[PDB]
Amino acid sequence: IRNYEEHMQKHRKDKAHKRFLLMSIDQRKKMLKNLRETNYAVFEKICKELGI
Amino acid sequence: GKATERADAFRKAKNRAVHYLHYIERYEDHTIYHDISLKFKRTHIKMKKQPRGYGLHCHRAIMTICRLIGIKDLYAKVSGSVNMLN
Amino acid sequence: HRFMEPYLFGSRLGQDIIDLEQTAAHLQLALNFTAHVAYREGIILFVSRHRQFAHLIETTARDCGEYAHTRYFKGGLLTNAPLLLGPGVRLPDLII
Amino acid sequence: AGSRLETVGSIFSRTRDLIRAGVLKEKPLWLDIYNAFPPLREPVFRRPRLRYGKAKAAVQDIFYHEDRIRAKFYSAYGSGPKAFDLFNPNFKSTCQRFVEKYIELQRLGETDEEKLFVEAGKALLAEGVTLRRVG
Amino acid sequence: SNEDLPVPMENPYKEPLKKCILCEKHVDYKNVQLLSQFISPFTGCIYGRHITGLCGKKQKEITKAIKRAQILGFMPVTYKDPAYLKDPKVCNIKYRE
Amino acid sequence: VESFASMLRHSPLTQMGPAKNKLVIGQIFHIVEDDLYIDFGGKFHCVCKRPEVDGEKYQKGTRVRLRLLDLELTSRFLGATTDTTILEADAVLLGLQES
Amino acid sequence: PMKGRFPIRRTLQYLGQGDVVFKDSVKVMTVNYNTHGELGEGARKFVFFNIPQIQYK
RNA sequence: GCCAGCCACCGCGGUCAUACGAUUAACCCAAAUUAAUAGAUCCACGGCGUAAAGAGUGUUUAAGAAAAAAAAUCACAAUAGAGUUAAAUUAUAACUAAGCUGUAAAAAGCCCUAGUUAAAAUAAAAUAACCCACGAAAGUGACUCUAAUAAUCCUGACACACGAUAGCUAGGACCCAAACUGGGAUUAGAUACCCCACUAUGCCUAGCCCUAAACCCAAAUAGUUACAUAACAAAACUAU
Ligand code: FES
Ligand SMILES: [K+]
Ligand SMILES: [Mg+2]
Ligand SMILES: [Mg+2]
Ligand SMILES: [Mg+2]
Ligand SMILES: [Mg+2]
Ligand SMILES: [Mg+2]
Ligand SMILES: [Mg+2]
Ligand SMILES: [Mg+2]
Ligand SMILES: [Mg+2]
Ligand SMILES: [Mg+2]
Ligand SMILES: [Mg+2]
Ligand SMILES: [Mg+2]
Ligand SMILES: [Mg+2]
Ligand SMILES: [Mg+2]
Ligand SMILES: [Mg+2]
Ligand SMILES: [Mg+2]
Ligand SMILES: [Mg+2]
Ligand SMILES: [Mg+2]
Ligand SMILES: [Mg+2]
Ligand SMILES: [Mg+2]
Ligand SMILES: [Mg+2]
Ligand SMILES: [Mg+2]
Ligand SMILES: [Mg+2]
Ligand SMILES: [Mg+2]
Ligand SMILES: [Mg+2]
Ligand SMILES: [Mg+2]
Ligand SMILES: [Mg+2]
Ligand SMILES: [Mg+2]
Ligand SMILES: [Mg+2]
Ligand SMILES: [Mg+2]
Ligand SMILES: [Mg+2]
Ligand SMILES: [Mg+2]
Ligand SMILES: [Mg+2]
């Protein structure tokens with residue numbers, strides 16, 4: 001996700017990567033919800049360390 | 001049987017009928033052995049076994065065939081196309 | 001052919017091999033059935049549309065005293081027998 | 001008169017049903033033979049459907065341990081100088097002789113294929129046959 | 001108990017699959033001779049599979065290698081280089097009849 | 001009684017292996033003006049043309065030498081459920097049998 | 001019923017043939033089960049078959 | 001005698017009507033009969049290639065499925081930047097020629113033209129390709145480099161992102177093609193097909209518009225070849 005954002009800042013009109021960036025965020029958003037509902041202690045540490 | 005004249009049409013149909021004959025088993029000579037559900041092309045016909053008292057409640061074409069076969073107790077429901085040949 | 005799968009012993013380098021063990025069982029009944037219908041004075045017809053053994057098969061029936069038909073087969077021969085052959089014709093009781 | 005439907009059932013099934021029905025009052029002569037001697041499979045009409053999907057045939061390939069030995073001989077020496085004869089039921093081919101002596105040689109406890117192949121060729125040379133190597 | 005039945009083994013007579021002309025060989029855009037043999041001398045066109053006879057992998061590589069030399073300045077575009085006109089013939093097309 | 005499985009193992013057909021490039025002798029059973037119908041022991045009969053040398057001695061029952069290539073010529077074409085056989089075999093003439 | 005894996009279980013007779021009557025003191029039933037593993041076969045089949053019968057009564 | 005009139009639906013009557021009106025006879029209900037309006041009843045546990053029906057595409061939320069097994073892909077033309085040019089054409093120059101373009105046949109146009117030699121820019125990408133790869137779809141096939149193609153591998157909207165071509169707003173480019181327009185010819189007329197000239201525009205940068213026979217008219221994920229041919233086509237079917 002960080003790599004795509006750096007790519008997006010240079011090539012603004014690129015649309016294939018912009019779709020990839022949005023889908024990557026959604027998948028991470030879906031997985032964070034899954035992690036929260038199973039292991040809260042690890043989810044809190046992951047949320048704090050990565051800045052999400 | 002098909003011909004140019006109606007009178008000749010009947011004669012051809014009768015003679016060619018005896019060449020094609022089936023034997024239909026009759027449980028106790030009054031009903032089919034078990035309920036039958038079939039879908040011939042686009043015609044849905046369902047037949048159910050019945051006791052001796054209540055008999056011959058079927059399509060008017062089915063009743064004509066049933067009286068010829070010998071079945072005297074049957075219930076039949078026809079769904080979809082009602083074409084006589086099918 | 002799909003229906004010949006049970007009767008095939010196996011395939012040898014793409015060439016199918018017929019299981020003679022099943023052939024012997026079938027041939028034993030075939031000869032047994034053929035003789036019985038001939039014992040009861042039955043008409044036997046030899047039919048083979050192959051242009052390499054037509055003369056051999058035709059001579060085979062003559063020696064046995066039976067009938068053979070290795071020529072072109074007319075459409076309404078066995079079915080529409082009265083018109084093709086004659087008014088009253090006794091149909092063959094077995095076909096080979 | 002009779003039934004002319006091919007797909008209803010076997011000839012035996014229709015004939016006995018019509019007789020039991022009461023329309024055919026003259027029993028055919030072949031019917032009695034059929035009752036005494038029935039075939040392995042009753043002749044019931046079936047539609048030759050074409051096979052689709054992952055289904056394959058059940059026919060097994062005809063391969064033997066001899067064939068593996070024969071492949072090496074054909075690969076190395078090609079076809080033998082002797083001409084194959086299919087008219088003789090008891091014909092012994094040059095490759096067949098090589099396989100037979102190969103089986104006897106390996107019964108002595110030799111496992112290396114190279115030793116088995118080289119010695120077998122030398123043994124055949126002692127019998128007078130020609131084994132000109134190809135290439 | 002019968003040892004005469006066939007065993008479930010693979011086919012021992014499987015002849016090795018045919019190799020293309022340039023199989024296991026490294027094509028390049030610098031050797032003009034290798035690339036020039038697959039070009040029509042009169043016109044400069046590139047032969048197809050039915051004429052070249054190469055497989056599906058080395059046919060694309062030759063096409064890409066040739067076009068790289070066209071622009072980089074290593075071989076003529078509209079005709080075959082006359083210096084390599086006497087190389088052995090590998091194509092299956094005949095013009096003289 | 002010998003089992004059918006043992007018969008195939010020792011049969012000459014099995015010992016031949018692949019049919020390609022095999023020297024098999026055959027006997028002529030039918031003669032035409034230029035075609036020689038030769039039976040080499042296979043399922044079908046191969047057809048060859050009379051050579052220009054010693055062609056007068058190729059008669060019925062004569063034994064010749066053949067090089068089998070395909071046991072039965074058979075190919076598949078598009079739109080055909082079943083392959084169309086030719087009911088023949090492919091072979092070439094190497095000369096007459098050396099008695 | 002035509003649709004469904006087991007259309008028989010969606011008829012009045014199947015809903016009425018299950019005889020499990022809870023006492024007047026039972027209010028809430030909580031069922032937890034897993035969708036994987038062979039140990040949960042009894043639990044999953046209990047949910048798939050018997051629960052509609054229990055709720056009906 | 002398509003007149004007067006009849007019908008619940010299909011229909012009858014246009015000088016030989018079992019349908020109009022009357023008569024004879026018959027049929028069916030019966031102290032009721034017929035007509036008119038409401039009501040009982042009646043659609044899909046059926047379908048979606050050709051019939052009304054799979055929405056242009058992908059992800060995700062709500063929600064729901066999991067239950068046996070098993071599954072991260074891949075030579076090649078994805079995409080977005082940066083640099084580059086073979087073959088053709090044109091500005092332009094020299095030389096020769098008087099004609100050059102155009103059609104079934106001509107006219108108009110040009111003669112500032114045509115042929116040959118020399119040659120930028122813009123635009124478009126022979127043969128390879130009888131190959132079938134990449135991307136979610138629409139799409140992509142001249143060369144080089146950089147960045148790069150989600151998910152440990154279910155379903156999911158009106159939400160988020162995208163979407164050929166034509167069209168709009170502003171700046172730049174213009175070889176060539178070219179709606180509109182003008183001329184020539186054809187025709188009864190030709191504001192059409194045919195011929196000549198030229199504009200919007202097709203192109204680059206930034207923004208918008210969000211439409212297609214966006215059709216492989218066949219939805220996604222797992223499977224089966226059993227059962228079984230409406231027709232035609234690209235065989236039939238099960239589960240969520
Ligand atoms: S067959 Fe190996 S590279 Fe062509
Ligand atoms: K190009
Ligand atoms: Mg109707
Ligand atoms: Mg009236
Ligand atoms: Mg009148
Ligand atoms: Mg009326
Ligand atoms: Mg009246
Ligand atoms: Mg439609
Ligand atoms: Mg449709
Ligand atoms: Mg949809
Ligand atoms: Mg959608
Ligand atoms: Mg959830
Ligand atoms: Mg760009
Ligand atoms: Mg300019
Ligand atoms: Mg003029
Ligand atoms: Mg000029
Ligand atoms: Mg393509
Ligand atoms: Mg996808
Ligand atoms: Mg991917
Ligand atoms: Mg989803
Ligand atoms: Mg658009
Ligand atoms: Mg546009
Ligand atoms: Mg535009
Ligand atoms: Mg406006
Ligand atoms: Mg503009
Ligand atoms: Mg312009
Ligand atoms: Mg122009
Ligand atoms: Mg005009
Ligand atoms: Mg499209
Ligand atoms: Mg659609
Ligand atoms: Mg679609
Ligand atoms: Mg969907
Ligand atoms: Mg997917
Ligand atoms: Mg699928």
# chains A, B, ... in the order shown; residues from 1 in each chain; ligands from 1

$ residues_near_ligand --ligand "ligand 19" --cutoff "9 Å" --atoms "only C-alpha atoms (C1' of nucleotides) and all ligand atoms" --output "PyMOL selection string"
chain H and resi 73+149-150

$ write_last_selection --atoms "N, CA, C and O atoms (P, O5', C5', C4', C3', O3' and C1' of nucleotides)" --output "PDB file, in the first residue's frame"
ATOM      1  P     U H  73      -1.500 -21.124  -7.695  1.00  0.00           P
ATOM      2  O5'   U H  73      -1.575 -19.989  -8.808  1.00  0.00           O
ATOM      3  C5'   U H  73      -0.933 -20.152 -10.065  1.00  0.00           C
ATOM      4  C4'   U H  73      -0.684 -18.821 -10.727  1.00  0.00           C
ATOM      5  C3'   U H  73       0.263 -18.831 -11.917  1.00  0.00           C
ATOM      6  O3'   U H  73      -0.367 -19.228 -13.122  1.00  0.00           O
ATOM      7  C1'   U H  73       0.853 -17.070 -10.453  1.00  0.00           C
ATOM      8  P     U H 149       3.222  -5.209  -8.563  1.00  0.00           P
ATOM      9  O5'   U H 149       1.960  -5.674  -9.415  1.00  0.00           O
ATOM     10  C5'   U H 149       0.677  -5.113  -9.178  1.00  0.00           C
ATOM     11  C4'   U H 149      -0.304  -5.489 -10.261  1.00  0.00           C
ATOM     12  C3'   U H 149      -0.639  -6.968 -10.376  1.00  0.00           C
ATOM     13  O3'   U H 149      -1.633  -7.369  -9.450  1.00  0.00           O
ATOM     14  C1'   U H 149      -0.180  -6.080 -12.525  1.00  0.00           C
ATOM     15  P     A H 150      -1.354  -8.567  -8.419  1.00  0.00           P
ATOM     16  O5'   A H 150      -2.121  -8.118  -7.098  1.00  0.00           O
ATOM     17  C5'   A H 150      -1.709  -6.967  -6.377  1.00  0.00           C
ATOM     18  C4'   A H 150      -2.678  -6.623  -5.275  1.00  0.00           C
ATOM     19  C3'   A H 150      -3.071  -7.761  -4.351  1.00  0.00           C
ATOM     20  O3'   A H 150      -2.102  -8.017  -3.351  1.00  0.00           O
ATOM     21  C1'   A H 150      -5.004  -6.578  -5.009  1.00  0.00           C
TER      22        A H 150
END

$ interface_residues --of "chain A" --to "chain H" --cutoff "8 Å" --atoms "only C-alpha atoms (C1' of nucleotides)" --output "list in words"
residues 7, 11, 13, 14, 15, 16, 17, 18, 19, 20, 21, 22, 23, 24, 26 and 27 of chain A

$ write_last_selection --atoms "N, CA and C atoms" --output "mmCIF file, in the first residue's frame"
data_model
loop_
_atom_site.group_PDB
_atom_site.id
_atom_site.type_symbol
_atom_site.label_atom_id
_atom_site.label_comp_id
_atom_site.auth_asym_id
_atom_site.auth_seq_id
_atom_site.Cartn_x
_atom_site.Cartn_y
_atom_site.Cartn_z
ATOM 1 N N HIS A 7 3.955 5.422 -5.884
ATOM 2 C CA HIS A 7 3.764 5.375 -7.330
ATOM 3 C C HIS A 7 2.651 6.317 -7.771
ATOM 4 N N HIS A 11 2.751 9.253 -10.838
ATOM 5 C CA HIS A 11 1.841 9.068 -11.968
ATOM 6 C C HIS A 11 0.418 9.268 -11.463
ATOM 7 N N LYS A 13 -2.357 10.309 -13.232
ATOM 8 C CA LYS A 13 -3.421 9.900 -14.141
ATOM 9 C C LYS A 13 -3.473 8.397 -14.364
ATOM 10 N N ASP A 14 -2.564 7.633 -13.762
ATOM 11 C CA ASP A 14 -2.621 6.184 -13.878
ATOM 12 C C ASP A 14 -3.870 5.669 -13.175
ATOM 13 N N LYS A 15 -4.640 4.840 -13.875
ATOM 14 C CA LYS A 15 -5.895 4.327 -13.345
ATOM 15 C C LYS A 15 -5.835 2.865 -12.940
ATOM 16 N N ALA A 16 -4.964 2.070 -13.565
ATOM 17 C CA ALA A 16 -4.831 0.673 -13.169
ATOM 18 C C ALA A 16 -4.276 0.548 -11.756
ATOM 19 N N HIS A 17 -3.262 1.347 -11.423
ATOM 20 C CA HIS A 17 -2.701 1.307 -10.078
ATOM 21 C C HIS A 17 -3.637 1.922 -9.049
ATOM 22 N N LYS A 18 -4.394 2.952 -9.435
ATOM 23 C CA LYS A 18 -5.336 3.562 -8.503
ATOM 24 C C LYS A 18 -6.395 2.562 -8.067
ATOM 25 N N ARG A 19 -6.858 1.721 -8.993
ATOM 26 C CA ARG A 19 -7.765 0.642 -8.619
ATOM 27 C C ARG A 19 -7.084 -0.342 -7.676
ATOM 28 N N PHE A 20 -5.814 -0.663 -7.939
ATOM 29 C CA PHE A 20 -5.083 -1.573 -7.062
ATOM 30 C C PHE A 20 -4.928 -0.989 -5.664
ATOM 31 N N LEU A 21 -4.641 0.312 -5.573
ATOM 32 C CA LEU A 21 -4.482 0.941 -4.266
ATOM 33 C C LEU A 21 -5.777 0.890 -3.468
ATOM 34 N N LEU A 22 -6.908 1.170 -4.116
ATOM 35 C CA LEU A 22 -8.186 1.113 -3.414
ATOM 36 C C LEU A 22 -8.516 -0.307 -2.975
ATOM 37 N N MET A 23 -8.263 -1.296 -3.836
ATOM 38 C CA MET A 23 -8.561 -2.678 -3.474
ATOM 39 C C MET A 23 -7.642 -3.170 -2.364
ATOM 40 N N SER A 24 -6.374 -2.759 -2.388
ATOM 41 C CA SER A 24 -5.449 -3.158 -1.332
ATOM 42 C C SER A 24 -5.889 -2.613 0.021
ATOM 43 N N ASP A 26 -9.010 -1.863 0.865
ATOM 44 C CA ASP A 26 -10.227 -2.568 1.252
ATOM 45 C C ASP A 26 -9.916 -3.945 1.822
ATOM 46 N N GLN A 27 -8.971 -4.663 1.210
ATOM 47 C CA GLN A 27 -8.597 -5.975 1.727
ATOM 48 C C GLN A 27 -7.966 -5.867 3.109
#

$ atom_distance --atom1 "CA of residue 9 in chain D" --atom2 "CA of residue 23 in chain B"
11.1 Å

$ residues_near_ligand --ligand "ligand 12" --cutoff "10 Å" --atoms "only C-alpha atoms (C1' of nucleotides) and all ligand atoms" --output "ChimeraX atom specification"
/A:30,33-34,37 /H:61-64

$ residues_near_ligand --ligand "ligand 26" --cutoff "9 Å" --atoms "only C-alpha atoms (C1' of nucleotides) and all ligand atoms" --output "PyMOL selection string"
chain H and resi 174+199-201

$ write_last_selection --atoms "N, CA, C and O atoms (P, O5', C5', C4', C3', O3' and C1' of nucleotides)" --output "PDB file, in the first residue's frame"
ATOM      1  P     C H 174       2.244  22.299 -37.201  1.00  0.00           P
ATOM      2  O5'   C H 174       1.116  21.428 -37.913  1.00  0.00           O
ATOM      3  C5'   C H 174       1.347  20.068 -38.253  1.00  0.00           C
ATOM      4  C4'   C H 174       0.105  19.423 -38.818  1.00  0.00           C
ATOM      5  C3'   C H 174      -0.396  19.983 -40.138  1.00  0.00           C
ATOM      6  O3'   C H 174       0.297  19.450 -41.253  1.00  0.00           O
ATOM      7  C1'   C H 174      -2.208  19.751 -38.631  1.00  0.00           C
ATOM      8  P     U H 199      -8.745  22.293 -44.274  1.00  0.00           P
ATOM      9  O5'   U H 199     -10.027  22.611 -43.383  1.00  0.00           O
ATOM     10  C5'   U H 199     -10.288  23.933 -42.936  1.00  0.00           C
ATOM     11  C4'   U H 199     -11.594  24.026 -42.189  1.00  0.00           C
ATOM     12  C3'   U H 199     -11.745  23.129 -40.972  1.00  0.00           C
ATOM     13  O3'   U H 199     -11.096  23.646 -39.822  1.00  0.00           O
ATOM     14  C1'   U H 199     -13.714  23.033 -42.281  1.00  0.00           C
ATOM     15  P     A H 200     -10.517  22.650 -38.703  1.00  0.00           P
ATOM     16  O5'   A H 200     -11.807  22.181 -37.895  1.00  0.00           O
ATOM     17  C5'   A H 200     -12.579  23.111 -37.149  1.00  0.00           C
ATOM     18  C4'   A H 200     -13.886  22.510 -36.698  1.00  0.00           C
ATOM     19  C3'   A H 200     -13.791  21.393 -35.669  1.00  0.00           C
ATOM     20  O3'   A H 200     -13.639  21.864 -34.341  1.00  0.00           O
ATOM     21  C1'   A H 200     -15.216  20.715 -37.413  1.00  0.00           C
ATOM     22  P     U H 201     -12.421  21.345 -33.430  1.00  0.00           P
ATOM     23  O5'   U H 201     -12.384  19.771 -33.675  1.00  0.00           O
ATOM     24  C5'   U H 201     -13.369  18.915 -33.114  1.00  0.00           C
ATOM     25  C4'   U H 201     -13.370  17.564 -33.784  1.00  0.00           C
ATOM     26  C3'   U H 201     -12.142  16.699 -33.544  1.00  0.00           C
ATOM     27  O3'   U H 201     -12.192  16.002 -32.312  1.00  0.00           O
ATOM     28  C1'   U H 201     -12.654  16.719 -35.851  1.00  0.00           C
TER      29        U H 201
END

$ residues_near_ligand --ligand "ligand 9" --cutoff "8 Å" --atoms "only C-alpha atoms (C1' of nucleotides) and all ligand atoms" --output "list in words"
residues 48, 49, 50, 51, 53 and 217 of chain H

$ write_last_selection --atoms "N, CA, C and O atoms (P, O5', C5', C4', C3', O3' and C1' of nucleotides)" --output "PDB file, in the first residue's frame"
ATOM      1  P     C H  48     -34.400 -20.522 -18.736  1.00  0.00           P
ATOM      2  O5'   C H  48     -33.938 -19.000 -18.810  1.00  0.00           O
ATOM      3  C5'   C H  48     -34.318 -18.171 -19.900  1.00  0.00           C
ATOM      4  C4'   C H  48     -33.777 -16.774 -19.741  1.00  0.00           C
ATOM      5  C3'   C H  48     -32.275 -16.667 -19.522  1.00  0.00           C
ATOM      6  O3'   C H  48     -31.543 -16.710 -20.735  1.00  0.00           O
ATOM      7  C1'   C H  48     -33.406 -15.323 -17.935  1.00  0.00           C
ATOM      8  P     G H  49     -30.576 -17.951 -21.056  1.00  0.00           P
ATOM      9  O5'   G H  49     -30.023 -17.638 -22.517  1.00  0.00           O
ATOM     10  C5'   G H  49     -29.127 -16.560 -22.741  1.00  0.00           C
ATOM     11  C4'   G H  49     -28.677 -16.503 -24.180  1.00  0.00           C
ATOM     12  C3'   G H  49     -29.763 -16.218 -25.207  1.00  0.00           C
ATOM     13  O3'   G H  49     -30.062 -14.838 -25.327  1.00  0.00           O
ATOM     14  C1'   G H  49     -28.490 -18.068 -25.918  1.00  0.00           C
ATOM     15  P     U H  50     -31.584 -14.351 -25.481  1.00  0.00           P
ATOM     16  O5'   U H  50     -31.994 -14.817 -26.947  1.00  0.00           O
ATOM     17  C5'   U H  50     -31.316 -14.314 -28.089  1.00  0.00           C
ATOM     18  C4'   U H  50     -31.803 -14.974 -29.354  1.00  0.00           C
ATOM     19  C3'   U H  50     -33.296 -14.872 -29.620  1.00  0.00           C
ATOM     20  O3'   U H  50     -33.668 -13.637 -30.206  1.00  0.00           O
ATOM     21  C1'   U H  50     -32.599 -17.105 -29.923  1.00  0.00           C
ATOM     22  P     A H  51     -34.612 -12.617 -29.403  1.00  0.00           P
ATOM     23  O5'   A H  51     -35.687 -13.560 -28.703  1.00  0.00           O
ATOM     24  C5'   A H  51     -36.259 -13.205 -27.450  1.00  0.00           C
ATOM     25  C4'   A H  51     -37.761 -13.347 -27.460  1.00  0.00           C
ATOM     26  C3'   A H  51     -38.461 -12.887 -26.184  1.00  0.00           C
ATOM     27  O3'   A H  51     -39.715 -12.292 -26.512  1.00  0.00           O
ATOM     28  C1'   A H  51     -38.940 -15.171 -26.572  1.00  0.00           C
ATOM     29  P     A H  53     -35.783  -8.562 -22.793  1.00  0.00           P
ATOM     30  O5'   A H  53     -35.289  -9.146 -21.397  1.00  0.00           O
ATOM     31  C5'   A H  53     -35.262  -8.331 -20.236  1.00  0.00           C
ATOM     32  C4'   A H  53     -34.984  -9.143 -18.996  1.00  0.00           C
ATOM     33  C3'   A H  53     -33.683  -9.931 -18.991  1.00  0.00           C
ATOM     34  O3'   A H  53     -32.565  -9.137 -18.634  1.00  0.00           O
ATOM     35  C1'   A H  53     -35.455 -11.314 -18.250  1.00  0.00           C
ATOM     36  P     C H 217     -22.918 -14.491 -29.389  1.00  0.00           P
ATOM     37  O5'   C H 217     -23.907 -13.481 -28.658  1.00  0.00           O
ATOM     38  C5'   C H 217     -24.592 -13.861 -27.470  1.00  0.00           C
ATOM     39  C4'   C H 217     -24.954 -12.661 -26.634  1.00  0.00           C
ATOM     40  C3'   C H 217     -25.777 -12.966 -25.385  1.00  0.00           C
ATOM     41  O3'   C H 217     -25.428 -12.047 -24.351  1.00  0.00           O
ATOM     42  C1'   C H 217     -26.999 -11.522 -26.800  1.00  0.00           C
TER      43        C H 217
END

$ residues_around --residues "range 41-51 of chain A" --least-positions-apart "5" --cutoff "8 Å" --atoms "only C-alpha atoms (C1' of nucleotides)" --output "list in words"
residues 32, 35 and 36 of chain A

$ write_last_selection --atoms "N, CA, C and O atoms" --output "PDB file, in the first residue's frame"
ATOM      1  N   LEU A  32      -8.359  -6.383   8.915  1.00  0.00           N
ATOM      2  CA  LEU A  32      -8.292  -5.784  10.245  1.00  0.00           C
ATOM      3  C   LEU A  32      -9.565  -6.057  11.032  1.00  0.00           C
ATOM      4  O   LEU A  32      -9.513  -6.320  12.239  1.00  0.00           O
ATOM      5  N   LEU A  35      -9.290  -9.596  12.207  1.00  0.00           N
ATOM      6  CA  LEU A  35      -8.357  -9.720  13.323  1.00  0.00           C
ATOM      7  C   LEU A  35      -8.957  -9.176  14.613  1.00  0.00           C
ATOM      8  O   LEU A  35      -8.737  -9.739  15.692  1.00  0.00           O
ATOM      9  N   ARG A  36      -9.710  -8.078  14.523  1.00  0.00           N
ATOM     10  CA  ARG A  36     -10.299  -7.476  15.714  1.00  0.00           C
ATOM     11  C   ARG A  36     -11.293  -8.420  16.381  1.00  0.00           C
ATOM     12  O   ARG A  36     -11.360  -8.493  17.613  1.00  0.00           O
TER      13      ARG A  36
END

$ residues_around --residues "residue 98 in chain F" --least-positions-apart "4" --cutoff "9 Å" --atoms "only C-alpha atoms (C1' of nucleotides)" --output "mmCIF file with N, CA and C atoms, in the first residue's frame"
data_model
loop_
_atom_site.group_PDB
_atom_site.id
_atom_site.type_symbol
_atom_site.label_atom_id
_atom_site.label_comp_id
_atom_site.auth_asym_id
_atom_site.auth_seq_id
_atom_site.Cartn_x
_atom_site.Cartn_y
_atom_site.Cartn_z
ATOM 1 N N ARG F 63 5.589 -65.406 -51.887
ATOM 2 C CA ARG F 63 5.984 -64.724 -50.663
ATOM 3 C C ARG F 63 6.937 -63.581 -50.985
ATOM 4 N N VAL F 64 6.721 -62.435 -50.337
ATOM 5 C CA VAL F 64 7.530 -61.242 -50.541
ATOM 6 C C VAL F 64 7.905 -60.665 -49.181
ATOM 7 N N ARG F 65 8.822 -59.702 -49.205
ATOM 8 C CA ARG F 65 9.303 -59.029 -48.008
ATOM 9 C C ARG F 65 8.750 -57.611 -47.953
#

$ closest_atom_pairs --of "chain D" --to "chain C" --cutoff "10 Å" --atoms "only C-alpha atoms" --output "JSON lines"
{"residue": "D:4", "atom": "CA", "partner": "C:79", "partner_atom": "CA", "distance": 9.3}
{"residue": "D:28", "atom": "CA", "partner": "C:93", "partner_atom": "CA", "distance": 8.8}
{"residue": "D:29", "atom": "CA", "partner": "C:40", "partner_atom": "CA", "distance": 7.6}
{"residue": "D:30", "atom": "CA", "partner": "C:37", "partner_atom": "CA", "distance": 6.5}
{"residue": "D:31", "atom": "CA", "partner": "C:37", "partner_atom": "CA", "distance": 9.9}
{"residue": "D:32", "atom": "CA", "partner": "C:37", "partner_atom": "CA", "distance": 9.8}
{"residue": "D:33", "atom": "CA", "partner": "C:36", "partner_atom": "CA", "distance": 7.0}
{"residue": "D:34", "atom": "CA", "partner": "C:33", "partner_atom": "CA", "distance": 8.1}
{"residue": "D:36", "atom": "CA", "partner": "C:33", "partner_atom": "CA", "distance": 9.8}
{"residue": "D:37", "atom": "CA", "partner": "C:33", "partner_atom": "CA", "distance": 7.3}
{"residue": "D:38", "atom": "CA", "partner": "C:29", "partner_atom": "CA", "distance": 8.3}
{"residue": "D:39", "atom": "CA", "partner": "C:29", "partner_atom": "CA", "distance": 7.0}
{"residue": "D:40", "atom": "CA", "partner": "C:26", "partner_atom": "CA", "distance": 7.4}
{"residue": "D:41", "atom": "CA", "partner": "C:26", "partner_atom": "CA", "distance": 9.9}
{"residue": "D:46", "atom": "CA", "partner": "C:3", "partner_atom": "CA", "distance": 9.4}
{"residue": "D:47", "atom": "CA", "partner": "C:3", "partner_atom": "CA", "distance": 9.9}
{"residue": "D:48", "atom": "CA", "partner": "C:2", "partner_atom": "CA", "distance": 7.1}
{"residue": "D:49", "atom": "CA", "partner": "C:2", "partner_atom": "CA", "distance": 8.5}
{"residue": "D:50", "atom": "CA", "partner": "C:2", "partner_atom": "CA", "distance": 8.3}
{"residue": "D:51", "atom": "CA", "partner": "C:2", "partner_atom": "CA", "distance": 8.8}
{"residue": "D:57", "atom": "CA", "partner": "C:5", "partner_atom": "CA", "distance": 7.7}
{"residue": "D:58", "atom": "CA", "partner": "C:5", "partner_atom": "CA", "distance": 7.3}
{"residue": "D:59", "atom": "CA", "partner": "C:10", "partner_atom": "CA", "distance": 5.4}
{"residue": "D:60", "atom": "CA", "partner": "C:10", "partner_atom": "CA", "distance": 5.2}
{"residue": "D:61", "atom": "CA", "partner": "C:11", "partner_atom": "CA", "distance": 4.9}
{"residue": "D:62", "atom": "CA", "partner": "C:12", "partner_atom": "CA", "distance": 4.9}
{"residue": "D:63", "atom": "CA", "partner": "C:12", "partner_atom": "CA", "distance": 7.4}

$ write_last_selection --atoms "C-alpha atoms" --output "CSV table (one decimal), in the first residue's frame"
chain,number,residue,atom,x,y,z
D,4,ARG,CA,-42.8,-52.7,-34.2
D,28,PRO,CA,-43.3,-68.1,-32.2
D,29,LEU,CA,-41.0,-71.1,-32.5
D,30,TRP,CA,-37.9,-69.2,-31.4
D,31,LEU,CA,-39.5,-68.1,-28.1
D,32,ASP,CA,-39.2,-71.6,-26.5
D,33,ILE,CA,-35.5,-71.7,-27.4
D,34,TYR,CA,-35.0,-68.2,-25.8
D,36,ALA,CA,-34.3,-72.4,-22.3
D,37,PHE,CA,-31.2,-70.6,-23.5
D,38,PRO,CA,-31.0,-66.9,-22.6
D,39,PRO,CA,-28.1,-64.7,-23.7
D,40,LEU,CA,-25.6,-63.0,-21.4
D,41,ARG,CA,-27.1,-59.5,-22.0
D,46,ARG,CA,-29.7,-47.7,-25.5
D,47,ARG,CA,-28.7,-44.4,-27.0
D,48,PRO,CA,-24.9,-44.1,-27.7
D,49,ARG,CA,-24.3,-40.9,-25.8
D,50,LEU,CA,-21.0,-39.0,-26.3
D,51,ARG,CA,-18.7,-38.8,-23.3
D,57,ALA,CA,-12.3,-45.0,-20.9
D,58,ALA,CA,-11.8,-48.0,-18.7
D,59,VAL,CA,-9.6,-49.8,-21.3
D,60,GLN,CA,-6.2,-50.6,-19.9
D,61,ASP,CA,-3.0,-50.5,-22.0
D,62,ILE,CA,-1.4,-53.9,-22.8
D,63,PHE,CA,2.2,-53.6,-21.5
